[PDB]
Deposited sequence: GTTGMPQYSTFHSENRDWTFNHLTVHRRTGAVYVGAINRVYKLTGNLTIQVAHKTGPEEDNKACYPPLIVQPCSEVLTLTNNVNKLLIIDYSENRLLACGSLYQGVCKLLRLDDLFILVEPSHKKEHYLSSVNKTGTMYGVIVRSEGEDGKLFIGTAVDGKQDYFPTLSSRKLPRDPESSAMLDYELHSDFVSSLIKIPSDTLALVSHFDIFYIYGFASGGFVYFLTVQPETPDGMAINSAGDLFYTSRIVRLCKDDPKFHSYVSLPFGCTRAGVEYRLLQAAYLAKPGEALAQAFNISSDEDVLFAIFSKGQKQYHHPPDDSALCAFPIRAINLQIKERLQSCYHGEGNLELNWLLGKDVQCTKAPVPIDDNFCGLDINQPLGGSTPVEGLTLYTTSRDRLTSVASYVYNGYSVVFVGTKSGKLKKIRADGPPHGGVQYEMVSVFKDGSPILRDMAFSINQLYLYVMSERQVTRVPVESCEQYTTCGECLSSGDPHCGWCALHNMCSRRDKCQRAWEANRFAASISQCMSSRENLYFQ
C-alpha cells in the first residue's frame, strides 16, 4: 500500500484531510503541513517550526518582546480545514498561543498569519484531539468559523467555543474577529473560573464537529462537575451570533449490560438501507457514527473495552427539542453546572418551540443530564477502537474502525440482531501503533487514508482478490465483492471486465452456479 513516512520519528502526524475535488491529501504534523498527491507523493512541505517560544509569553513574540526564558518549541498542528469556496487551507498550530495561518491550496504559500489581536490566539494547548472547527460559508460570500478548543486553565485568554468572521479577503482587518463582541452579549463561551477552582484539571476537549441542516454540532469530553468524565453533543444555530441557541446534552451508547460513555472518535455520513430502516429514517438523512470506550472514568488511560454506535441527526434534534419544550414549560433546571455554576430553574414562557428554534435570552445556555443514547453496532474488549469512517456500498453502511494496535476493522451495518458484523480486519501498521482519528476517503471512494503517528497509508477499501473461489467470494460478507466468472477472480463490479454482460459478474451465491 502507498505510504508516506514522517521525516522525523519525533515530529508525529496530527491531522489529515482530502480535497473533495482535486484529491490532494493535506497532512498536518508537528513542525509541518504537507500537500501530497493521491498516492501520497510529497508535492509541498510547509515548515511551521520548530521555534523559540514560551507559553507563559502572553501576548506572543511578534507583538511584544517577552520576559521569560525561551526554548526551541515544536509546533503541533491543532486544526486543519480546507476553506472550499476560497481555495485555501486553515492551519492552526500550538506555537505563539495558537496562531493560525491561511495557506493557498496549490502551493501552501502564506496568505495571512493574523498575530496582533487577542482573538488571533486560539489556545496555548499543545495536545492534539483538543480542538475542532467548522466553516459555515454560503458558497461565494464572507464566512464564519466555529472553533472549539481546550484552553489549559487559561479561561480569560481563550474562549472554549466561539464563532469568528472568515471574510473572502485574506487581508481584511476583520479576519478571525468575533462574529459579535460586546459588553454583555458575544459569540463565545468562556469557562468560568469557579468551575476551575472546583475541578482543577478542568478543560473541555473537542473531538469532532460538523454542520447538518441549520445547525453546527461539537462533540466534547470533559471532567464531570461535583475522576469521572462526560461526553456531550453541543449544538448551535448557524445564525445565532448571540449564542442563545447553545444546548449541551450528554451522549453515549450501551449494549448487553456494558455502558460506553467516553467519546474517542466520530464521523458524519449517510446510512445504508438496513441502518436507515432501523432508525425509521430516509437514506438521505445524516447519521453520526461514534466510537466510545467503556464507562465514564480514567479518560486518559482508557480500557480496551469499546463500542461503535450510531446516532441519527434527526433523533438528536428531537431529543434537544423535547428538552427545550420541557424547560420552556418551567419543568426542571437548565442542568449545565460547569457553565452556569449553580442550579438554575427553567423559566416558563409562551414561546413556540419548533425545529428551527434558536433560543431567547432566557433558559440558556441549556444542558441536561439524560444522555442521548446511540444504537450500538459493534463492541470489542481485546483491542481498543480509536477512529471511524463510514460510507454506503451496495446499499450497506460499511464502517471502517481503526484500533490501538494498528488494525482496521471492516464492519457491515446489517441491523438486528448484531447491528454490525465485522467481515474483515486488516493489519495496517506493522509496528502495532494506534491509528489516529482522521481517516478520509479518496475522491473515487476506492481508498481510505489512514494514519499512525509516523505513517500515512492509503488503504484500499477492498481487496476482494484475496477470495479465490466464487463461493468464498460471495460468502465473505464484504459488500464490495462479486465473482468475475470468466477471469476466475473476486472483485468489485467496476473492476470486472465486461461486468455488464450476462453471467460475467456473479453478485450472489446462486449466480456462482448459473455463471458456471
| item | value |
| --- | --- |
| Chain regions without C-alpha coordinates, deposited sequence numbering | 1-7, 234-243, 534-539 |
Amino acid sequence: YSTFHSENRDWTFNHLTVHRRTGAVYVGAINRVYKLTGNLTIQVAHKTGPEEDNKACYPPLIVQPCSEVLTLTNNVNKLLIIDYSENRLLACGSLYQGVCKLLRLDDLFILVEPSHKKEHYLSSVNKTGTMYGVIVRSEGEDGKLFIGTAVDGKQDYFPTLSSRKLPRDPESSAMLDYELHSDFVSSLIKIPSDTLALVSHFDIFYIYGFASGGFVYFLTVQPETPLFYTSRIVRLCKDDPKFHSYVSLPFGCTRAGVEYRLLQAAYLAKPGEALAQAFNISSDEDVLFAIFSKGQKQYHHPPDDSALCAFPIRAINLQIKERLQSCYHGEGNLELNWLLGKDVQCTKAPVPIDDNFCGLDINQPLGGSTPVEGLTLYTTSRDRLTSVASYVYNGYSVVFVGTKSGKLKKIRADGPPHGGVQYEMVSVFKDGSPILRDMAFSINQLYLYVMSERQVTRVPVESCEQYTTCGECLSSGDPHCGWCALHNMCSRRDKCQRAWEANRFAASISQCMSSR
From here on, numbers count along this sequence of modelled residues.
property	result
Given 309-317 and 343-351, the range whose Cα B-factors average higher in the PDB entry	343-351
Stretch exceeding the other in mean C-alpha B-factor - 110-118, 159-167	110-118
Out of 459, 456, 69, 490, highest CA B-factor residue	69
Candidate set 322, 259, 139, 438 [ranked by C-alpha B-factor, highest]	139
Residue 238 - which third its CA temperature factor falls in, relative to the rest of the chain	lowest
CA B-factor ranking of residue 59, expressed as a third of its chain	highest
Third of the chain's Cα B-factor distribution that residue 85 belongs to, per the entry	highest
B-factor third for the C-alpha atom of residue 302 within its chain	highest
Within-chain third of residue 201 by Cα B-factor, per the entry	highest
